[PDB]
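A.B. asks: Encoded as structure tokens, here's the structure I'll be asking about.
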Amino acid sequence: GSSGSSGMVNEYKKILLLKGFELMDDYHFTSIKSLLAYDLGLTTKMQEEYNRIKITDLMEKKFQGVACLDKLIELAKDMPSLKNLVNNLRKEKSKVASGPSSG
């Protein structure tokens, strides 16, 4: 064999989908998709054609590193409805950093 176990597939991307678009309502799904359309180059047609996972893959490809998370939070900052996405995303980024909590 070559390896016993591996799971290095951009952990930041996982949180971006699981805790980013998966918990996004239409109220923001249309806003984030519109604002991001200017960057990724999406449109009114692609916005409906593309899927949640599709936009996520584009966010990571266009923004590598923690930037993919900050970008999503920066756009969903002033959103009382997206209090969990911002808290989870921000908290998730901190967990990755060196700092064993609970003790």
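Chains: A, B, ... in order of the structure tokens. Residues: from 1 per chain. Ligands: from 1, in order shown.
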Counting only C-alpha atoms, what are the residues of segment 32-78 of chain A within 8 Å of segment 11-20 of chain A, and for each of them which pair of atoms is the nearest and at what distance in Å, to one decimal? Sort the table by chain and rising number, as CSV.

C.D. replies:
residue,atom,partner,partner_atom,distance
A:52,CA,A:17,CA,7.5
A:53,CA,A:17,CA,6.6
A:56,CA,A:17,CA,5.9
A:57,CA,A:13,CA,7.5
A:60,CA,A:13,CA,6.3
A:65,CA,A:12,CA,7.2
A:66,CA,A:12,CA,6.8
A:68,CA,A:16,CA,7.5
A:69,CA,A:16,CA,6.5
A:72,CA,A:20,CA,7.7

A.B. asks: Would you write out those residues with N, CA and C atoms, as a short mmCIF file (atom, residue, chain, number, x, y, z; two decimals), in the first residue's frame?

C.D. replies:
data_model
loop_
_atom_site.label_atom_id
_atom_site.label_comp_id
_atom_site.auth_asym_id
_atom_site.auth_seq_id
_atom_site.Cartn_x
_atom_site.Cartn_y
_atom_site.Cartn_z
N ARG A 52 -25.55 24.59 -5.01
CA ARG A 52 -24.88 25.04 -3.79
C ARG A 52 -23.41 24.61 -3.79
N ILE A 53 -23.17 23.35 -4.12
CA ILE A 53 -21.82 22.81 -4.16
C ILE A 53 -20.99 23.47 -5.26
N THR A 56 -19.70 26.82 -4.05
CA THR A 56 -18.70 26.58 -3.02
C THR A 56 -17.34 26.27 -3.65
N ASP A 57 -17.35 25.41 -4.67
CA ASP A 57 -16.13 25.03 -5.36
C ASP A 57 -15.49 26.23 -6.05
N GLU A 60 -13.65 28.54 -3.38
CA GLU A 60 -12.36 28.02 -2.96
C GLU A 60 -11.33 28.15 -4.08
N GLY A 65 -7.22 29.39 0.75
CA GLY A 65 -6.90 29.69 2.13
C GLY A 65 -8.12 30.12 2.93
N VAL A 66 -7.88 30.76 4.07
CA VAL A 66 -8.96 31.23 4.92
C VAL A 66 -9.77 32.34 4.25
N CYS A 68 -11.42 32.28 1.67
CA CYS A 68 -12.70 31.75 1.22
C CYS A 68 -13.77 31.91 2.30
N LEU A 69 -13.34 31.83 3.56
CA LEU A 69 -14.26 31.97 4.69
C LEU A 69 -14.55 33.44 4.98
N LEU A 72 -16.95 35.07 2.54
CA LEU A 72 -18.35 34.72 2.78
C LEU A 72 -18.90 35.48 3.99
#

A.B. asks: If you take only C-alpha atoms and a cut-off of 10 Å, which residues of segment 65-100 of chain A touch segment 26-46 of chain A, and what are their nearest atom pairs and distances in Å to one decimal, in chain and number order, as a Markdown table?

C.D. replies:
| residue | atom | partner | partner_atom | distance |
| --- | --- | --- | --- | --- |
| A:71 | CA | A:36 | CA | 9.5 |
| A:72 | CA | A:32 | CA | 7.9 |
| A:75 | CA | A:32 | CA | 7.0 |
| A:76 | CA | A:32 | CA | 7.7 |
| A:79 | CA | A:28 | CA | 8.7 |
| A:81 | CA | A:28 | CA | 8.8 |
| A:82 | CA | A:28 | CA | 8.3 |

A.B. asks: Please, what distance in Å, to one decimal, runs between atom CA of residue 67 of chain A and atom CA of residue 47 of chain A?

C.D. replies: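 These atoms are spaced 22.0 Å apart.
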
A.B. asks: Could you work out how far atom CA of residue 61 of chain A lies from atom CA of residue 6 of chain A, giving the answer in Å with one decimal?

C.D. replies: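 Taking atom CA of residue 6 of chain A and atom CA of residue 61 of chain A, their separation equals 21.4 Å.
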
A.B. asks: For atom CA of residue 64 of chain A and atom CA of residue 99 of chain A, quote the distance in Å rounded to one decimal.

C.D. replies: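 Taking atom CA of residue 64 of chain A as the start and atom CA of residue 99 of chain A as the end point, the length is 22.5 Å.
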
A.B. asks: Just the alpha helix (DSSP H) stuff from chain A, please, per backbone DSSP, written as a ChimeraX atom specification.

C.D. replies: /A:11-16,26-40,44-49,52-62,67-75,83-96

A.B. asks: Need to verify the contact set: residue 77 of chain A, 7 Å, only C-alpha atoms, exclusion of same-chain residues closer than 3 positions in sequence. Can you return it as a list in words?

C.D. replies: residues 73, 74 and 86 of chain A

A.B. asks: Between A:70, A:55, A:78, A:103, which is the closest to residue 90 of chain A once you count only C-alpha atoms?

C.D. replies: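 Once distances to residue 90 of chain A are computed over only C-alpha atoms, the minimum belongs to A:70.
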